[PDB]
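**Student:** 3D model of this:
(one chain, ligands or ions: 3)
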Amino acid sequence: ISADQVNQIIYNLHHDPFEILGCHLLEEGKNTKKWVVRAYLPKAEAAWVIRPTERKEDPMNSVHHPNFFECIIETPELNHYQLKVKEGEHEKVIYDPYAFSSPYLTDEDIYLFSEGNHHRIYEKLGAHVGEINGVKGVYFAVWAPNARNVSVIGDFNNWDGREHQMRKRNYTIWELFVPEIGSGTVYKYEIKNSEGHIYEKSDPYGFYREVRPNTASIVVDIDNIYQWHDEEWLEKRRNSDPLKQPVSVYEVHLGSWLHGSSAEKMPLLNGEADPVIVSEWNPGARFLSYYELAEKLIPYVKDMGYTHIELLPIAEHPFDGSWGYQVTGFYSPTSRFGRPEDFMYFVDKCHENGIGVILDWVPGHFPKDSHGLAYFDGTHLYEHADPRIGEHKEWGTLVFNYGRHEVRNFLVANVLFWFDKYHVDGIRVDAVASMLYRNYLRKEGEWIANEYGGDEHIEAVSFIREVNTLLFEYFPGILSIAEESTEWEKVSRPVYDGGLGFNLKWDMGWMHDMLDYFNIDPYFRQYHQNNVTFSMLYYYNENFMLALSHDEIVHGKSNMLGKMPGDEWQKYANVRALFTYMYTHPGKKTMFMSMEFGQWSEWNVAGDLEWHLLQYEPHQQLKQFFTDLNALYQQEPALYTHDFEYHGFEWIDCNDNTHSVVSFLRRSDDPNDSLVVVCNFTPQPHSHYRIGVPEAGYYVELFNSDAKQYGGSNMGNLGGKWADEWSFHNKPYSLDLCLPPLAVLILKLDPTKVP
Ligand SMILES: [Mg+2]
Ligand SMILES: [Mg+2]
Ligand SMILES: [Mg+2]
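**Tutor:** Numbering: from 1, shown residues only. Ligands and ions are numbered 1, 2, ... in the order given. The structure is reproduced below:
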C-alpha cells in the first residue's frame, strides 16, 4: 500500500475502507495464495494476526503511519483469523472488524457452510441489519434445501408473505432483503414443503424471541446494542491456565433463584418490559430480568466468595419444566429474563466483579415442537432420518445428525457464538454418553452398530472433538466441562492423545460415594470407609470437577440437610464436614443454589428459593461457613495449584475405619504452603488423636468446621499445636490433636513462630 491510501484512512477521507482494510488476495501460487491483512488500530503500538486453527501467529508491521498495520501471509485460504492488538501494557483479541464487506452470503460463505467449516455462519444466516442497493433494511437467510418455497412473515406485512418470498441460492439457502425495517421486527419463516404443506418456523439462527409460549423471532442489531468493559478480564483469562487456579462454581437456575412481584414491570438496562409471570399456578410471581440478576445475584455470589457462576441452559426453550435442557432457539438467550443486551450486561458485570460465567450447553438433542428445528424443510434436516440414531425415544426428543455438514456447522458455530458475542468463560455439557453411544437407552434389535461393529457413535465423537479443538484454539483459557457417566476414557484429555478434548469432567462416582456415605448412620460408616477413599484410585485419569449438582436435590432425594442422619445439630455438622472435605479433596468445586444456606426443601423450579430461612441463625451460620471456606480456598495455594499432580496430595493415614477418621496433605510449589487435613466423620470427639506431619514446628489451626460461628460446638486445638518429635504414620514428627465431632480441621505450619 501507498502513503496516500494510508492517509486517506487515517484522516477519514477514504470513500470505502473495506477496499483496503481486512483480508485481501494479493496473488495465487501453485499450491497456495498470498494474502494481506490490513488494520487501522488507533492507539495500538503493535498487532498480530492469529490463525488459531493452524496454531500460527504472525506479526503485523506499521506501514506509513504507526497505527496502520499490514501483515502478509501465505496460505491456501485465510478464512479463520483474529487480530491481537496491543495498546500500552494491554492486549485484546478480536475478530477483524473489516472481515465482511456486505450483509449477503458470498460464494465463499456458501461453500464453507456446505463443508461444515463456516465458524462464523451466524454473521450471515438468521437476520441482520444492513445495507443492500443503497438502502437500509434487514437481510434474512435460512437453510432449507428441500423446501418448495419460503417467505418472510412478520409484523411488517401482517403475516402475509406473498410479496416477501425468498430467493433460493445454490439449491440450499433462501434469502431476502427487506428495506426499511430494523431491530425489533417480529418475524417467522413460512415454509412450503415438497408435499405442498404450509407451516411456520422460528428462525434457527434467531438472536431473540418472543416470550414463551409465543415463538416469533425478533431482529437484533447484535453488535450495536451493548458496550463492554471486560478487556482486562479477557486478557487475564486468555493468558492463564484455569486448571491451576481456584475454581468454585455456584450453579444457578436463573428462573428459580429469586422471583419478583408480577404487579410491576420487569426493569431492564435503561428500559422496562411487561412482567413474565412465572406460572398460572403462582400468578403473583414474576421472573427477574438479566439486569436485576446482575444487580442481586452477582454481589451475592461475590460476597459468598465463589469464582464462577454456572447457568442452567439459557438458550431459548419453550417449557419451564425442562429446566432449559430442551432447547429450540439455540442462538438467543431466553426472553424470560429480558433482552440480549441485558444478558451481555450480566456477563460484563460478572467480569467486573472478577466472576466467570459457565453455560450449560445442550447439543445432544432437541424437542419435537413444531416452531423449532424438527422436520425443518419437510425432511429430516437437523435430525437423522433413522430413528434408531435420530430419536431418544425415552425422552421424546430428536438427535442431531452430527455427520451432516450443515448440522455440525450449526452446533460448532453455536458454541463459538456464546464465547464471541456473549463473552462467556466456559461451557458444561450434560449427559455426554447420550451422544457417544449408538445403543444409548435402546434395547436389543433397536439400534445398529457402527461400520466397525462397535457401539461408538463415530460422528458424535468426531463432532465433540471438533467443538473442543476449536474452542480452545479460538479462546484459550476457557473451561470445557463434561458429565459423562459410563467411564469412557480420556474425556478430559487432548484430542491429539485420543481424548474428547474437555479440560474438566464431573466426578459422578465421587458424588455418589460421598452422598451415600454421609447418608449412612455414623456408627455404620466404619463399614464404608472405602467410600471416603476409593475415588483417589482413579482420580489421576481425568481432571475432575467435584460437583454436587441440582440433579441431586430433586425427585425425592432431599436437599443436603435432609440427606443427613441425626438431630438438627448433627445434620448441619454433617453438611459442614462433607463440604470441608469436598473443598480439601483434590479437584475443582461445583455446588448448587440453596445448598449454601441449608434449604430444607428440595429444589422446586415452580417457586424460588426459601430466602426467609436466612432470618434464622442456623442458616446464617452455615452461610458464613461457606463464605469463609470459599475465602480459604482462594487464599491457600495448596488447595488449587496441584489438583491434578501427584505432588498435590498424599494420604497421611486412612485405615482408622473404626473411628471414621482420615487425614492427608495438600501441597503447592512452596513447601511452607503445605496443609494438613484431618477429618472426623462421627459425632464422637477425640481429645488425643495423633497424626503424623512432615516437619517440626507449630501447626496453626487454620480452619475448623466445628467453630461456633459455623454453628459448631467450638471444640478444637485453641489456635494450633506444636509437633512432637515422635514418629507416626511413617513420618518423623506428629501432632496430638483434639478432633471435634463431625468435623474437619485444616492445619498449616507457621515456620516463623516463637518457641
Ligand atoms: Mg398467508
Ligand atoms: Mg459400598
Ligand atoms: Mg418463594
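**Student:** And stretch 242-258, end to end?
**Tutor:** One end of stretch 242-258 to the other measures 30 Å (Cα to Cα, to the nearest Å).
**Student:** Tell me if that stretch is near ligand 3.
**Tutor:** No: contact of stretch 242-258 with ligand 3 is not found when judged by Cβ under 5 Å from the ion; the minimum separation is 8.3 Å. Yep, even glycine has a C-beta here, placed from its N, CA and C like the rest.
**Student:** quick one, helices of the chain?
**Tutor:** With DSSP state H, the ranges of helices along the chain come out as 3-10, 107-114, 231-238, 290-304, 340-352, 387-390, 405-422, 433-436, 458-474, 508-519, 530-533, 568-584, 617-635.
**Student:** Output the third one in PDB with nothing but the alpha carbons.
**Tutor:** Backbone C-alpha positions of helix 231-238 (Å, rounded to 0.1, in the frame of the first residue of the first chain) are rendered in PDB as follows:
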ATOM      1  CA  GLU A 231     -11.000  -6.300  28.300                       C
ATOM      2  CA  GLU A 232      -8.800  -6.800  31.300                       C
ATOM      3  CA  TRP A 233     -10.800  -9.900  32.400                       C
ATOM      4  CA  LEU A 234     -10.500 -11.400  28.900                       C
ATOM      5  CA  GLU A 235      -6.800 -10.700  28.700                       C
ATOM      6  CA  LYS A 236      -6.200 -12.300  32.100                       C
ATOM      7  CA  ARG A 237      -8.300 -15.400  31.100                       C
ATOM      8  CA  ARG A 238      -6.600 -15.900  27.700                       C
END
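**Student:** I would like the residues contacting that helix, please.
**Tutor:** Contact partners of helix 231-238, identified using Cβ atoms under 8 Å, 6 or more residues apart in numbering, comprise 90-93, 351-352, 354, 356, 423, 425, 475-478.
**Student:** Show me the two of those residues that sit farthest apart.
**Tutor:** With Cβ to Cβ as the measure, no two of those lie farther apart than 352 and 476, at 21.7 Å.
**Student:** count of neighbours near the residue of the stretch 251-400 of the chain found nearest ligand 3?
**Tutor:** Closest contact between the stretch 251-400 of the chain and ligand 3, by Cβ to the ion, is at residue 259 (6.2 Å). If you count neighbours by other Cβ atoms under 10 Å, residue 259 ends up with 19.
**Student:** And for the one 5 residues further on?
**Tutor:** Residue neighbour count, defined by other Cβ under 10 Å, stands at 10 for residue 264.
**Student:** Apart from its chain neighbours, what residue comes closest to it?
**Tutor:** For residue 264, ignoring the flanking residues on the chain, the nearest one in space by Cβ to Cβ, 6 or more residues apart in numbering is residue 275 at 6.8 Å.
**Student:** Ok, residue 26 next?
**Tutor:** Distance criterion Cβ to Cβ, 6+ apart; nearest residue to residue 26, sequence neighbours excluded, is residue 34 at 4.5 Å.
**Student:** tally of neighbours for that neighbour?
**Tutor:** There are 14 residues near residue 34, going by other Cβ under 10 Å.
**Student:** so residue 366 sits right up against residue 326, yeah?
**Tutor:** Yes: at 7.0 Å, residue 366 counts as touching residue 326 under the criterion of Cβ atoms under 8 Å.
**Student:** Which residues are in contact with each of those two?
**Tutor:** Common neighbours of residue 366 and residue 326 (Cβ under 8 Å, 6+ apart) are residue 397.
**Student:** what residues does this protein put near ligand 3?
**Tutor:** For the chain, the contact set with ligand 3 under Cβ under 5 Å from the ion comprises 607, 608.
**Student:** any idea how the chain splits into domains?
**Tutor:** The chain breaks down by curated CATH domains into domains covering 1-99, 100-220, 221-642, 643-751.
**Student:** from the chain's centre, how far out does the last one sit?
**Tutor:** Domain 643-751 has its C-alpha centroid displaced from the chain centroid by 35 Å (Cα atoms, centre = their mean, to the nearest Å).
**Student:** How far does that domain stretch from one end to the other?
**Tutor:** End-to-end distance for domain 643-751: 24 Å, by Cα to Cα.
**Student:** Please enumerate the strands of the stretch 201-350 of the chain.
**Tutor:** Ranges of strands in the stretch 201-350 of the chain, per DSSP state E, counting those that start in this stretch, are 217-218, 248-252, 259-261, 266-268, 271-273, 285-287, 308-311, 315-316, 329-333.
**Student:** before we move on, the earlier item: list the contacts of the residue nearest to residue 26.
**Tutor:** Applying Cβ under 8 Å, 6+ apart to residue 34 gives the contacts 25, 26, 27, 28, 72, 73, 74.
**Student:** With residue 711 instead?
**Tutor:** 569, 572, 573, 576, 617, 618, 621, 622, 625.
**Student:** ok, the closest residue to it other than its chain neighbours to ligand 3 distance?
**Tutor:** The shortest distance from residue 711 to any residue other than its chain neighbours is 3.9 Å, reached at residue 621 (Cβ to Cβ, 6+ apart). For residue 621, the distance to ligand 3 (Cβ to the ion, to the nearest Å) stands at 22 Å.
**Student:** need the contact list for residue 621.
**Tutor:** Listed by Cβ under 8 Å, 6+ apart, the contact partners of residue 621 are 572, 709, 710, 711.
**Student:** gap between the last one and residue 685?
**Tutor:** If you measure residue 711 against residue 685 using Cβ to Cβ, to the nearest Å, the figure is 16 Å.
**Student:** Over to residue 355?
**Tutor:** Between residue 355 and residue 685 the computed distance is 38 Å (Cβ to Cβ).
**Student:** before we move on, what about residue 357?
**Tutor:** Distance, residue 357 to residue 685, using Cβ to Cβ: 42 Å.
**Student:** Neighbour count for these two, which is higher?
**Tutor:** Neighbour count, other Cβ under 10 Å: between residue 357 and residue 685, residue 357 has more, with 21 against 17.
**Student:** quick one: that one from residue 241, how far?
**Tutor:** Taking Cβ to Cβ as the measure, residue 357 and residue 241 are separated by 18 Å.
**Student:** How about residue 570?
**Tutor:** Going from residue 570 to residue 241 by Cβ to Cβ gives 40 Å.
**Student:** what does residue 120 give?
**Tutor:** Distance, residue 120 to residue 241, by Cβ to Cβ: 27 Å.
**Student:** same deal with residue 715?
**Tutor:** The spacing between residue 715 and residue 241, counted by Cβ to Cβ, is 40 Å.
**Student:** Repeat that for residue 464.
**Tutor:** Separation of residue 464 from residue 241 (Cβ to Cβ): 22 Å.
**Student:** The two: who's more crowded?
**Tutor:** Between residue 464 and residue 241, counted using other Cβ under 10 Å, the more crowded position is residue 464 (26 against 9).
**Student:** quick one: residue 48 and residue 84 touch, right?
**Tutor:** Yes: using Cβ under 8 Å, residue 48 is in contact with residue 84, at 4.3 Å.
**Student:** Spell out which residues are contacts of both of the two.
**Tutor:** Taking Cβ under 8 Å, 6+ apart as the criterion, residue 48 and residue 84 both touch residue 57.
**Student:** Which residue is the nearest non-sequential neighbour of residue 578?
**Tutor:** The shortest distance from residue 578 to any non-neighbouring residue, by Cβ to Cβ, 6+ apart, is to residue 518 (5.0 Å).
**Student:** what does residue 61 give?
**Tutor:** The shortest distance from residue 61 to any non-neighbouring residue, by Cβ to Cβ, 6+ apart, is to residue 70 (5.8 Å).
**Student:** Count residues in the vicinity of that neighbour, would you?
**Tutor:** Using other Cβ under 10 Å, residue 70 is surrounded by 17 other residues.
**Student:** Just grab the bridge partners of it for me.
**Tutor:** residue 38, residue 61 (DSSP bridges).
**Student:** rewinding a little: can you say which of the contacts of helix 231-238 are buried?
**Tutor:** Using 16 or more other Cβ atoms under 10 Å as the burial test, the contacts of helix 231-238 include 91, 92, 93, 351, 356, 423, 425, 475, 477, 478 as buried.
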